[PDB]
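Have a look at the structure below before the remarks.
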Amino acid sequence: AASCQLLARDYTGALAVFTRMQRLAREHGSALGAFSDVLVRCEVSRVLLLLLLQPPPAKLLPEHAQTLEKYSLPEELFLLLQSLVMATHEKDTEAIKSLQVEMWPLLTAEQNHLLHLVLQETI
Amino acid sequence: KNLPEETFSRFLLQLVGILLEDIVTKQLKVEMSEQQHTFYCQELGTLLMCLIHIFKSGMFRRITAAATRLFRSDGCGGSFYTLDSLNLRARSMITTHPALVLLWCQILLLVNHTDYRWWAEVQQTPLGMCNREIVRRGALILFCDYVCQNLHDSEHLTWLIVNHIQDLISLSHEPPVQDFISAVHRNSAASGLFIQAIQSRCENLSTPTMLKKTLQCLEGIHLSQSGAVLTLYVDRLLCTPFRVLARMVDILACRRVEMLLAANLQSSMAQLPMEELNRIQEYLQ
């Protein structure tokens, strides 16, 4: 259901369906297995949306507040995602260009679509 | 006149010699079975656990001193399995059985036999074979834990840091190589040699997982060598495009300046030179 709304260009309705996947695995998974791979896909793709559309503190939930303090899941890909939330808060045009070159094999091409639309809306 | 020290130590080092002329030099489907080869290489696995209990637990005092005058010694005109003959069998055990060439690494350290001919083949001192990196990274976690115990010998400190640089850092989540580094932070002259090595190996320390393990090892070093960690934090590693690797080398370079001025102003100026301080600030403007 998250692969539909990014074809349908519903990037704000796409934040509603990613916080519902993560609220069940802390009730059912804590992670196991089958539920351990559902939580890798949902904390790499809720970070590429809050820089795409950067919500105001009224409509920023207490679940969205927790994940952005940790940055400002594999050890290869956990290190390049703390570095990308910093640059768009510093508006660093040279920092964002060398990371898509070095995060293209890491993601899959559903997560490769959300990183393309951030680098344009900051440049 | 054979000592009782001498009778029981020729029986356990020449029974390592019977099990290793077979597994190398016997055919695998001709003379033995495969169910009979699950249990033939598994009797060499619990007889090398019996020899590292006698040399470590200290209750067996007389048996430890007997092997050291034997591995240093030649065979009796060729009447025994001498120590250079026994070690040719084990490097062709590298590849078929890599879990049992990590148990033969910890015996040769324990006898005072740190001979740099055998220790270079197992660590490759200047695609890949998949069954050697268990032994190459396995004999360098075991060669540090021998250095950490008796760190008074400085000949073994200056070898492993100058040569193995990209391997010494990339293991730093391990309990025998986590203890090798803290003693280097304790030692005055041993800390200064670790920092000359990274400046030669900055070309490989650029991938995002290899640079997170340097800052946990360049975190706290000696205060007499905090003037060489501040020219490395500015010239080489700060220009990385990773914005949480440019943010975490701001925590470590501001902290060197603060402990130095509450310290003596005499020893710190000879540490960070007045001619060398003017080179750093032209790079930033």
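Chain lettering (A, B, ...) mirrors the order of the structure tokens, residue numbering begins at 1 for each chain separately, and ligand numbering begins at 1 in order of display.
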Residues of stretch 27-96 of chain B in alpha helix (DSSP H), written as a VMD selection string: chain B and resid 35 to 38 61 to 71 88 to 91
12 Å contacts from chain B to chain A using only C-alpha atoms, as a list in words: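 Only these qualify: residues 206, 207, 208, 209, 210, 211, 212, 213, 239, 240, 241, 242, 243, 244, 245, 246, 247 and 248 of chain B.
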Contact residues around residue B:18 with only C-alpha atoms at 10 Å, ignoring same-chain residues under 3 positions, as a ChimeraX atom specification: /B:13-15,21-23,44,81,86
Residue B:69 surroundings by only C-alpha atoms, 12 Å radius, close-in-sequence under 2 positions cut, as a ChimeraX atom specification: /B:5-6,9-10,63-67,71-75,83,111-113
Selected residues written out with N, CA and C atoms, as a PDB file, in the first residue's frame:
```pdb
ATOM      1  N   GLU B   5      59.699 -34.158  33.713  1.00  0.00           N
ATOM      2  CA  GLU B   5      59.353 -33.057  32.825  1.00  0.00           C
ATOM      3  C   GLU B   5      59.550 -33.466  31.375  1.00  0.00           C
ATOM      4  N   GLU B   6      60.561 -34.295  31.112  1.00  0.00           N
ATOM      5  CA  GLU B   6      60.960 -34.554  29.734  1.00  0.00           C
ATOM      6  C   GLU B   6      60.195 -35.730  29.129  1.00  0.00           C
ATOM      7  N   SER B   9      56.323 -34.561  27.878  1.00  0.00           N
ATOM      8  CA  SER B   9      56.175 -33.465  26.930  1.00  0.00           C
ATOM      9  C   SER B   9      56.593 -33.871  25.527  1.00  0.00           C
ATOM     10  N   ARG B  10      57.291 -34.995  25.378  1.00  0.00           N
ATOM     11  CA  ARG B  10      57.537 -35.519  24.042  1.00  0.00           C
ATOM     12  C   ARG B  10      56.383 -36.386  23.589  1.00  0.00           C
ATOM     13  N   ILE B  63      55.080 -28.678  33.287  1.00  0.00           N
ATOM     14  CA  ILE B  63      54.887 -29.083  31.898  1.00  0.00           C
ATOM     15  C   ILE B  63      55.056 -27.888  30.959  1.00  0.00           C
ATOM     16  N   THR B  64      54.900 -26.665  31.474  1.00  0.00           N
ATOM     17  CA  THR B  64      55.043 -25.487  30.617  1.00  0.00           C
ATOM     18  C   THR B  64      56.499 -25.223  30.254  1.00  0.00           C
ATOM     19  N   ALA B  65      57.420 -25.428  31.196  1.00  0.00           N
ATOM     20  CA  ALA B  65      58.816 -25.071  30.945  1.00  0.00           C
ATOM     21  C   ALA B  65      59.508 -26.094  30.050  1.00  0.00           C
ATOM     22  N   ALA B  66      58.908 -27.272  29.891  1.00  0.00           N
ATOM     23  CA  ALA B  66      59.553 -28.348  29.153  1.00  0.00           C
ATOM     24  C   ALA B  66      59.409 -28.163  27.652  1.00  0.00           C
ATOM     25  N   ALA B  67      58.313 -27.555  27.206  1.00  0.00           N
ATOM     26  CA  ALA B  67      58.088 -27.392  25.775  1.00  0.00           C
ATOM     27  C   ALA B  67      58.915 -26.248  25.205  1.00  0.00           C
ATOM     28  N   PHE B  71      60.669 -26.623  21.432  1.00  0.00           N
ATOM     29  CA  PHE B  71      60.319 -25.922  20.204  1.00  0.00           C
ATOM     30  C   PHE B  71      61.453 -25.007  19.768  1.00  0.00           C
ATOM     31  N   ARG B  72      62.279 -24.576  20.719  1.00  0.00           N
ATOM     32  CA  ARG B  72      63.508 -23.878  20.368  1.00  0.00           C
ATOM     33  C   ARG B  72      64.567 -24.864  19.888  1.00  0.00           C
ATOM     34  N   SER B  73      64.434 -26.132  20.269  1.00  0.00           N
ATOM     35  CA  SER B  73      65.455 -27.124  19.958  1.00  0.00           C
ATOM     36  C   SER B  73      65.167 -27.844  18.647  1.00  0.00           C
ATOM     37  N   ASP B  74      66.234 -28.288  17.995  1.00  0.00           N
ATOM     38  CA  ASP B  74      66.131 -29.135  16.822  1.00  0.00           C
ATOM     39  C   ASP B  74      65.817 -30.564  17.263  1.00  0.00           C
ATOM     40  N   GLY B  75      65.352 -31.376  16.316  1.00  0.00           N
ATOM     41  CA  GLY B  75      65.159 -32.786  16.590  1.00  0.00           C
ATOM     42  C   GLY B  75      66.478 -33.501  16.809  1.00  0.00           C
ATOM     43  N   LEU B  83      60.297 -29.044  15.070  1.00  0.00           N
ATOM     44  CA  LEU B  83      59.302 -27.975  15.079  1.00  0.00           C
ATOM     45  C   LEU B  83      59.241 -27.215  13.761  1.00  0.00           C
ATOM     46  N   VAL B 111      54.231 -21.077  24.337  1.00  0.00           N
ATOM     47  CA  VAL B 111      55.676 -21.212  24.272  1.00  0.00           C
ATOM     48  C   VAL B 111      56.245 -19.900  23.745  1.00  0.00           C
ATOM     49  N   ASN B 112      57.371 -19.460  24.297  1.00  0.00           N
ATOM     50  CA  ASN B 112      57.915 -18.177  23.868  1.00  0.00           C
ATOM     51  C   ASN B 112      58.551 -18.280  22.485  1.00  0.00           C
ATOM     52  N   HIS B 113      57.708 -18.472  21.463  1.00  0.00           N
ATOM     53  CA  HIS B 113      58.120 -18.677  20.078  1.00  0.00           C
ATOM     54  C   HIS B 113      57.315 -17.705  19.228  1.00  0.00           C
TER      55      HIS B 113
END
```
Between atom CA of residue A:29 and atom CA of residue A:107, distance in Å (one decimal): 23.4 Å
For residue A:16, the nearest of the candidates A:64, A:113, A:89, A:28, counting only C-alpha atoms: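 That would be A:64, the residue with the smallest distance to residue A:16.
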Two-atom distance - atom CA of residue B:122, atom CA of residue B:161 (Å):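 These two atoms are separated by 16.2 Å.
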Exercise: residue B:24 partners within 8 Å, only C-alpha atoms, chain neighbours under 6 positions left out, as a list in words: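 Final neighbour list, sorted by chain and number: residues 89, 92 and 93 of chain B.
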